[PDB]
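S.K.:
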Amino acid sequence: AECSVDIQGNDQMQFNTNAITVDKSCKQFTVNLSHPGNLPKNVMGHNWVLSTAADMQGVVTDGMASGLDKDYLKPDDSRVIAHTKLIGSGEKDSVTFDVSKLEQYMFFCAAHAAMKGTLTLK
Ligand SMILES: [Cu+]
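When the letters of the sequence shown are read in order and numbered with PDB author numbering, they come out as residues 1 to 102, 106 to 125.
#1: Identify the residues that DSSP records as bridge partners of residue 42: which are they?
#2: In whole angstroms, what separates the C-alpha of residue 32 from that of residue 24?
#3: Once the 5 residues before and after residue 103 are set aside, which same chain residues still bring their CB inside 8 Å of it?
#4: Does the beta-carbon of residue 115, which I'm using as the reference point, lie nearer than 7 Å to any heavy atom of ligand 1?
#5: Below 7 Å, is the gap between the Cβ of residue 13 and the nearest heavy atom of ligand 1?
#6: Are the beta-carbon atoms of residue 30 and residue 108 separated by less than 8 Å?
#7: Should residue 104 be labelled buried (16 or more other beta-carbon atoms within 10 Å of its own) or exposed?
#8: Is there at least one non-hydrogen atom of ligand 1 closer than 7 Å to the beta-carbon of residue 9?
#9: State the start and end residues of the unbroken beta strand (DSSP E) segment that holds residue 98.
#10: Please return the same chain residues whose Cβ sits closer than 7 Å to the Cβ of residue 72, not counting the five positions on each side in sequence.
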């Protein structure tokens with residue numbers, strides 16, 4: 001089994017996939033986020049955030065209200081299963097989470116909530 005994925009967010013405000021699979025045998029899963037291109041984090045920074053699909057809009061609403069100071073996520077939001085730091089070009093971050101926390108899930112960038120995709124156990 002594959003229990004990690006590499007994902008990119010670029011200067012064009014897009015991730016390089018819209019779908020992540022978590023093998024049903026994994027007990028931990030690691031997301032390795034990178035940022036090809038050239039724009040720094042104060043221009044085009046990205047993160048990677050995981051919630052249920054049903055919770056995504058509420059996470060984004062409360063994150064918007066929390067603002068830039070908090071990477072557009074409400075601190076300690078119970079609906080956020082895992083998230084990375086905000087990265088700019090040439091930077092990287094990885095997050096690992098317990099698969100026991102996984106229903107339909109989605110990932111998104113809190114800076115650019117249009118950047119999104121699905122995560123599913125398979
Ligand atoms: Cu972003």
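The beta-carbon is built from N, C-alpha and C at its ideal position, and this holds for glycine as well.
M.R.: Per the coordinate set shown:
#1: According to DSSP, which records beta bridges pairwise, residue 42 is partnered with nothing at all.
#2: 19 Å
#3: Since the model of the chain includes 102 and then 106 but nothing between them, residue 103 has no atomic positions to report.
#4: Relative to ligand 1, the beta carbon of residue 115 is positioned inside 7 Å of a heavy atom.
#5: Residue 13 Cβ: within cutoff of ligand 1.
#6: Contact: no.
#7: Residue 104 cannot be located in this model; the chain continues from 102 straight on to 106.
#8: yes
#9: 92 to 98
#10: 63, 64, 66, 113 and 114
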